[PDB]
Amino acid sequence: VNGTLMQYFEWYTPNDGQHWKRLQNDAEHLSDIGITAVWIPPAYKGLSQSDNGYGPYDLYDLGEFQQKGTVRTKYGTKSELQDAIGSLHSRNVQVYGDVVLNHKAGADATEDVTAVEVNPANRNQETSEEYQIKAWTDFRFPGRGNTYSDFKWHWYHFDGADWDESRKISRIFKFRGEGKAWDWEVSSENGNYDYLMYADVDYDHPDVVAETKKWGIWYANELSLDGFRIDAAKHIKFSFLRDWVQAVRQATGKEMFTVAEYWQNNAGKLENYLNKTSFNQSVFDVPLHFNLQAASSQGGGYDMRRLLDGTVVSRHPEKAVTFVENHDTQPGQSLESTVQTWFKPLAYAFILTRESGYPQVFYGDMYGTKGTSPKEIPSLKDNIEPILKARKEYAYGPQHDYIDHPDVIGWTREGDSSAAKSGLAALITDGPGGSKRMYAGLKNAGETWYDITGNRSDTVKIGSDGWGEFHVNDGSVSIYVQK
């Protein structure tokens, strides 16, 4: 059956500590609609209870220890997470854990460090004389102690930080020391994009490298994870991420599917990342997200024939996790690039009913986002579920593309022996609707198909030659399947 991923959280998921319970309770629903894997938010202790997990303090504290004024993380306790994972597994749904290895936040104390300021637009360029600062680099894990790992962090395990406690100033501080330099083989943006935020981990440090692989194996085992989602990959030494994934797979003997969040709308750079990680992990199809967002926001002027241009799914579908939206692109966020509501179901049809790519459904799109703007994403589960049904039960067999009009594009799937009634004919348009004749397969001759989305109430009779004339409304989507 087709695989479908679901990012199970949004930026405004509440800090009520009930998210793991929500996931456990949603297990049956997710399995029924076709979700086969869930990407959960960072499960370890952040700098505070309210942190979304991208400001990780202790990777070995899965909401288990008394650290940062809380036992549970924003999402819940370790046991509640394990219960959720157990429920998902009982329903044949896999779980991918978020991996945040770029930096550490919320150090226990500062340490005297000799550093130098670097140009934010070119981190290879020092901009000040070297001086002593008080950097938050001492991570001792007072609540966990040596449970699971006795590794303690110090300034020399980091390449830099952005805050000096002595002068109370923010700058991009690069640490001085034997062998200290920004990690190489990271995005070349800003000269060297190794530094992003908080205390930057030094992946040139052998102990850090070894300890992080040990943690990865521990993490996978502790939660019975089936895979990973790697955070801020373009800011982490590529060869390290390559080796880290390899180490976990070698130790667990499991596939451990991994998708990296390499955030750059550039197929060439994404290709480079794949090469530098020996194609051992997928990447989110950032270009496709931007193409979909462009189509949704250009008032019908976007040339739909170019929707696959420069996308990862077009070149390496085997390494592409296609998506419409995520917590960083949703309204008000750091990478804001929201696919407009009217086009959203069309975008989902594009990633869910086509043969290429591993598609991902966004929690915020299914259940809405709880931000405070006047443009929050509404709950679109009623529009998305019929499309998920199309993917689960009908998106099989030979595909025929008709991405041949600047507004109205479509494709068909003939269906195959995996499901006797599989097959579909999809049409989407970023402007006026209309009809398009498409070959749906001679094997479907004489059948009557209907629009599973319910947007149109008319049926289509497949001709004796396997062709049908399919219709779609203005700025809409229609997916015809056998009655």
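Each residue number is its position in the shown sequence, starting from 1.
- Stretches 321-329 and 116-124 differ in mean C-alpha B factor, with the higher average recorded for 116-124.
- Comparing 232-240 with 158-166, the stretch with the higher mean C-alpha B-factor in the PDB entry is 158-166.
- Taking only the listed residues 442, 425, 59, 40, the entry reports the highest CA temperature factor at 442.
- In this structure the maximum Cα B-factor among 372, 272, 337, 296 is found at 372.
- Annotation for residue 254: C-alpha temperature factor in the highest third relative to the rest of the modelled chain, per the entry.
- Among all modelled residues in its chain, residue 33 ranks in the highest third by Cα B-factor.
- Ranked against the other modelled residues of its chain, the C-alpha B-factor of residue 26 as given in the entry falls in the highest third.
- Ranked by C-alpha B-factor against the other modelled residues of its chain, residue 456 falls in the highest third.
- Among the modelled residues of the chain, residue 368 sits in the middle third by CA temperature factor in this PDB entry.
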